[PDB]
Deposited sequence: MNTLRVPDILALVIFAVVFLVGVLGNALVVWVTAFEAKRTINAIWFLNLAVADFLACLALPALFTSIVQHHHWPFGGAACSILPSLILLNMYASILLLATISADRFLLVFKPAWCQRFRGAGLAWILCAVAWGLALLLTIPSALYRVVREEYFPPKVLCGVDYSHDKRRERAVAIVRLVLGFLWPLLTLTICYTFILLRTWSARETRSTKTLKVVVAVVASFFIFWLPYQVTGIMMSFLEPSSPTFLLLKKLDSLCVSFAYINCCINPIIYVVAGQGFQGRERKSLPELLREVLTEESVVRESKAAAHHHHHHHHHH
């Protein structure tokens, strides 16, 4: 009859993430757009903002579906596109964050390279490549979701359809777990280990506000993606009949909801980092630092 507590909590988090995410990320795009033609950091934060904004658009449909006990009245096109937006957000944000991390690394260890080659056009090219690879990785996820009808009780479910549930679905879970979480975790941990050791050690090299901001965003990625990944592979290695599988499936909306916090956490981090100046001005200072002075 009435909704379960985890689903309710997922609805609350969904609402908050929708408001803060849509308005906040839109404000970020507005602030960074004018400075995006020259400043590199502005290009980074701009792309992260667009990626977070697109995922928020799918929220009202997921909300309506959860209120209707996972009923899906939006059709097959929405079934293929709307759920996939956050997976697209996952790959796009982690790719852009990898590029930004390479930027922060090179600024610290190879200033000479950055003085000669760190231009806006290269940044836009790398961002375009990131979006391309992200969409490429998200395509199978869009193709293989279908709308199915059930009768006990009657309901219309939007879900993944793989006849080889044991063989192929586990492969999807493995690919997502590795490309989306484990590999980025390893490489970025090594990267910021190097960077932070050098920053703490040498007085001549400073910790810029941009570095602290990027570190907070990178941490937030893994923090809010962890439960969805863990439960996600766990539901590939479990029998459907098993009680553990039942529990995790009853927690699914809550995990997706926790993952969606990535789409609104960035404006919070930017504002907190910025703290006699207006909010857009604060964002403009935090998100448009020049790393290489030229004029």
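- Stretches of the deposited sequence lacking C-alpha coordinates, numbered from 1: 1, 277 to 282, 303 to 317.
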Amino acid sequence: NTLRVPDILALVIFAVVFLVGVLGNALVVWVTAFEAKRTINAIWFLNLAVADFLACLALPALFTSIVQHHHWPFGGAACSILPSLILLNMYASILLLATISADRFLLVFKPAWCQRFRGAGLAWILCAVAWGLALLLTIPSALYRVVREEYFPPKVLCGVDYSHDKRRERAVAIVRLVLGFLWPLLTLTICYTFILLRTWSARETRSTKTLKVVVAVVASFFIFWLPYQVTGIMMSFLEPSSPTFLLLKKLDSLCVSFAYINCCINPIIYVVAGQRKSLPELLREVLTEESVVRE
From here on, numbers count along this sequence of modelled residues.
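- The mean C-alpha temperature factor is higher for 169 to 177 when 169 to 177 and 192 to 200 are set side by side.
- The stretch with the higher mean CA B factor, choosing between 25 to 33 and 240 to 248, is 240 to 248.
- Sort the modelled residues of the chain by CA B factor and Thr99 lands in the lowest third.
- Among the modelled residues of its chain, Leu254 has a C-alpha B-factor that falls in the middle third, as given in the PDB entry.
- The PDB entry assigns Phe45 a C-alpha temperature factor belonging to the lowest third of its chain's modelled residues.
- In the deposited entry, the Cα temperature factor of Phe74 sits in the middle third of values across the chain's modelled residues.
- Sort the chain's modelled residues by C-alpha temperature factor and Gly121 lands in the lowest third, per the entry.
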